[PDB]
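Structure first, then comments.
Nothing in this text is a laboratory measurement; each read-out follows from the coordinates by a stated rule. Cβ placement follows ideal geometry from the backbone for every residue including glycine, while neighbour counts extend to all protein chains displayed.
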4 protein chains.
Amino acid sequence: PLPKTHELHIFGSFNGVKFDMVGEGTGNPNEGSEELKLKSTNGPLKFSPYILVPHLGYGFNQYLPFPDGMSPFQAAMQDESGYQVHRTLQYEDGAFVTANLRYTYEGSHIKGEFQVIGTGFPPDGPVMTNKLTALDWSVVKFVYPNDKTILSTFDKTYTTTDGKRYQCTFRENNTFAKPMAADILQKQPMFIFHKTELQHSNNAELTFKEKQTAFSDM
Amino acid sequence: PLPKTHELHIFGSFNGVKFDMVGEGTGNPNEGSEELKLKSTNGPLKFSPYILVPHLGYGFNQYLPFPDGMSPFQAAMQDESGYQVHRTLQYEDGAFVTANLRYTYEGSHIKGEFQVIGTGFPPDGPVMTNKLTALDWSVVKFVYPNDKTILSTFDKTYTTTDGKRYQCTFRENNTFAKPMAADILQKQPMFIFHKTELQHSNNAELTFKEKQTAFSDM
Amino acid sequence: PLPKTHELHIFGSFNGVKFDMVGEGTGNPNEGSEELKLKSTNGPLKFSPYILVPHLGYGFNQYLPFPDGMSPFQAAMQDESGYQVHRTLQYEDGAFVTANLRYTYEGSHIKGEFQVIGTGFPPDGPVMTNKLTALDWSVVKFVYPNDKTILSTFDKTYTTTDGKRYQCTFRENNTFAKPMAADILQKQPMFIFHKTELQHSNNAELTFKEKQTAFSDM
Amino acid sequence: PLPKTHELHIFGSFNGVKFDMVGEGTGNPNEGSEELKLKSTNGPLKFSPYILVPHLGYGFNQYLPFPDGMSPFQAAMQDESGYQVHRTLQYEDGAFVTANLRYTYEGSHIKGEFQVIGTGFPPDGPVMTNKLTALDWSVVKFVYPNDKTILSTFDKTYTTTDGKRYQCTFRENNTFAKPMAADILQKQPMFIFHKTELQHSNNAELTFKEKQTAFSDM
């Protein structure tokens, strides 16, 4: 079926120091909306929680419909053949993050196991000093180099407390076990408008919301 | 005033070999549409005319309105203070193009002088062997690092005769003589949906059309 | 002590398909030389073994001396405080590899656990159609953004059977538990000349050799 | 013949503001050394002169010998067939520089006409606030994608008064009118160790020195 609920185990390290969080959420697969509540399973995060935002669930594209039918993500959930996500994120100050997102399915419930590793963040930079204030709205571009692969790109920017934006070049592959349907492959590029919100009163517990909208035309 | 007509002198070199074209066009600054007819001032181009498409006029953003009023490009034409365009384009096969676009104004008529230099295109690649078939529709992202500068980015792809897409990472600065208005600076990022068409029966004469639409939300 | 011997478990996936190898090697920490024999723990690798070469042991920089004394890698082994390696590799045809290298120490013996994930390799590209013939000799650049971090960069190229090179932009962080010594930090950049050899007659059983030489001057 | 002397006209703009300098120099084509004295033809430069260092004469590789004979640059001067240089430089803070270097020859005298355009330098960044203190020694990598083209790459860093480095990804093509000799093409990659010095007490009058050494092995 289409998803109704999900859980996430997100873990890895930033600048060599481990982190680990767990949480659960819901979403509406007719509209590309999702919500997630997460908490650290040890102490508060030693880095800005905003650095995790694109890995939170964009993190569950099974909630994303396409304009005229199911997204390839949804189709791959429906027969449980699935897909894997691999990403590399290059920040303006030389730091980089790499991630691998993996899923299992139980009816309308998704379980995510997401490994996120970041290195090279300056100790005085906005990530390690908690100066990110929001993730800018984004447009993500998808092309399909072959019938089992989506290449997704965007320029990711955050606002910060001193007014400057903090930039990143984001690249991702989604690799499918079975070919995507012809009606998906025939419409390229596909764009996705992404909006997010994050609330956290401490660096230990987070509430995340997202809305995504696919479009190939205007 | 807003523009009605334009002319272009576009020149430079590809792989060390000079080219030079001139032409004239029109556009509708209420809708972000433009048309241009161009011809080589010597022989046919020795490279795919499609490689010139983003430099043709996106090349005249004075025809681009913003969602709630004039674009910064239009405002800068209205008092003739103007702006300059500088771009760097990195292709997947190692080649790169750099360009500088400059304008003068005479009432509702724009004159463009555009220098485009490309190097490192493989002699057997799709540019030098005329295998590009169309420029994919694009979404361009704008942010404003300061009141006189737009940083524009996108992933640019062409379709080719053998089915594969030909990729490029595009970066641009627009540098304004006078600050952009507060109402521009307050809405970031700004996105632009771009559609183009190119007709050419030989590599010597081209007809180009474009439609651009700014949006900050969906 | 300085290392004499090592073992490696290298695993991950390419284009969504798991691989796993184990092996053992030796090296000379006076000269930056190492040798490794590896065997797949299932069947032959489904991709060119040359794509792993950079992750085999550069993979054990505990064998690398510096010009005037121990490298930071060697010093970090001597007190077992250690370091972690994180890398991101962007190939010319859009594919990318990410990796995490981790070590444990038992006297003069090193154990490596290396996770390498690659995606987006075209099925007809040089990696998936065994076109890579050798890794070019390289010069790696090190700078130290802070006392616990090395940022390593190079342009990585392979020769291929198509008579062209296959290119990659390589970025790496080495993150140390304890600060590097002042004599290390005082000499930047540091360069490393790397030579490798890969012998194999099948894709399940590899023999790798390397020689590295550090230099800050000529 | 091999060069003994040179002159340079270097011009363009930074952040939309024109600059122009002229000067003269000498070098030793047996050793890859050069010296240049430059003066602004208006007032002092409005940006750090260190940002030009890479374009001063690496700027005259006709002074660079190769390990076993003339460099391709020297050979191309000997018959005056020549070469053109095109570069794109991406700085860490989003700014970029593009350049085109052109030469004419009169016996052992070279005349350079170099156009350098930079945009997007933050007004409070290291370039516009004179924080650059030296260009790090570099190793430049050359490969030859075809017999008329050198692709040159390096990671370029400056030290700064903030006690950090200011980074750039440098890419260049050298495009030759006639094919390079077989003895050049047969040895790849070729590396070049570069050292520079800049003396100035004001921003209108610069003294530049460089030493380059080619090597394919260690």
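Some notes on this structure:
- The one condition in (1) under 20 Å from C:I192 (Cβ atoms); (2) away from chain A (no Cβ under 14 Å); (3) surrounded by 20 or more Cβ atoms within 10 Å (Cβ to Cβ) that C:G69 fails to fulfil: (3)
- Some residue of the range A:103-118 being among the aliphatic types (A, V, I, L, M) and in contact with a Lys or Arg (Cβ under 7 Å, 6 or more places away or on another chain): no
- Failed criterion for D:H6 (all others in (1) surrounded by fewer than 22 Cβ atoms within 10 Å (Cβ to Cβ); (2) in contact with a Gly (Cβ under 9 Å, 6 or more places away or on another chain) hold): (1)
- Applying a threshold of 9 Å to beta carbon distances and a minimum spacing of six or more residues, or different chains, the list of pairs starting in the range B:164-190 at a residue that is within 12 Å of chain D (Cβ to nearest Cβ) and β-branched (V, I, T) and ending at one that is surrounded by 15 or more Cβ atoms within 10 Å (Cβ to Cβ) and in a loop (DSSP other than H, G, I, E, B) reads B:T169/B:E92; B:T175/B:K148; B:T175/D:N15; B:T175/D:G16; B:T175/D:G120.
- Output for the range B:1-27, where each listed residue is of a type in the set (S, T, N, Q) and more than 20 Å from B:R102 (Cα to Cα): B:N15
- Residue tally, condition farther than 22 Å from C:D124 by Cα and among the acidic types (D, E), over the range B:148-179: 2
- Of all residues in the range C:30-75, none satisfies the criterion of being on the phi > 0 side of the Ramachandran plot and among the charged types (D, E, K, R).
- Number of residues in the range A:114-127 that are surrounded by 18 or more Cβ atoms within 10 Å (Cβ to Cβ) and more than 30 Å from B:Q167 (Cα to Cα): the value is 4.
- D:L36 among the aliphatic types (A, V, I, L, M) and more than 27 Å from D:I150 (Cβ to Cβ): no
- Residue count for the range A:179-191, restricted to those that are part of a loop (DSSP other than H, G, I, E, B) and touching a helix residue (DSSP H, G or I) at 6+ places or on another chain (Cβ under 7 Å): 2
- Residue check for B:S81: of a type in the set (S, T, Y), in contact with a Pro (Cβ under 6 Å, 6 or more places away or on another chain) and either surrounded by fewer than 19 Cβ atoms within 10 Å (Cβ to Cβ) or more than 30 Å from B:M180 (Cα to Cα) (or both): no
- Listed by first and then second residue, the pairs with beta-carbon distance under 6 Å, at least 6 apart or on different chains, first residue in the range B:191-218 and within 14 Å of chain A (Cβ to nearest Cβ), second of a type in the set (K, R) and not in a strand (DSSP E or B), are B:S216/B:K187.
- Test: residue in the range A:102-113 that is crowded, with 18+ Cβ neighbours inside 10 Å and within 11 Å of another protein chain (Cβ to nearest Cβ): no
- Residue in the range C:28-42 that is of a type outside the set (A, V, I, L, M, F, W, C) and closer than 21 Å to C:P189 by Cα present: yes
- Residues considered: A:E106, A:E172. Of these, the only one that is touching a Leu at 6+ places or on another chain (Cβ under 9 Å) and of a type in the set (D, E) is A:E172.
Yes or no, residue by residue, for (1) aromatic (F, W, Y); (2) under 19 Å from B:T104 (Cα atoms):
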{"site": "B:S33", "(1), (2)": "no, no"}
{"site": "B:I51", "(1), (2)": "no, no"}
{"site": "B:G57", "(1), (2)": "no, yes"}
{"site": "B:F60", "(1), (2)": "yes, yes"}
{"site": "B:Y63", "(1), (2)": "yes, yes"}
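- Whenever a residue of the range D:132-144 is away from chain C (no Cβ under 11 Å) and buried (at least 21 other Cβ atoms within 10 Å of the Cβ), it has no partner that is among the charged types (D, E, K, R) and not in a strand (DSSP E or B) lying with C-beta atoms less than 7 angstrom away and at least six residues away or across chains.
- Failed item in (1) within 24 Å of B:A95 (Cβ to Cβ); (2) in contact with a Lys or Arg (Cβ under 8 Å, 6 or more places away or on another chain), with D:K211 passing the rest: (1)
- The residue that is surrounded by the fewest Cβ atoms within 10 Å (Cβ to Cβ), among those in the range A:145-178 that are charged (D, E, K, R) and assigned to a loop (DSSP other than H, G, I, E, B), is A:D162.
- The residues of the range A:146-202 that are in contact with a strand residue (DSSP E or B) (Cβ under 7 Å, 6 or more places away or on another chain), among the basic types (K, R) and under 18 Å from A:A95 (Cβ atoms), listed by number, are A:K156, A:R165, A:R171.
- Residues (closer than 21 Å to B:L206 by Cα and facing chain A (nearest Cβ under 8 Å)) located in the range B:145-163: B:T157
- Among residues of the range D:166-199, those that are more than 18 Å from the chain's Cα centre (by Cα) and either under 24 Å from D:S48 (Cβ atoms) or not charged (D, E, K, R) (or both), counted: 10
- The range A:114-131, residues that are polar (S, T, N, Q), more than 13 Å from every other protein chain (Cβ to nearest Cβ) and under 23 Å from A:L8 (Cβ atoms): A:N130
- Residue among A:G94, A:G57, A:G69 that is within 24 Å of C:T119 (Cβ to Cβ) and over 15 Å from the mean Cα position of the chain (by Cα): A:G94
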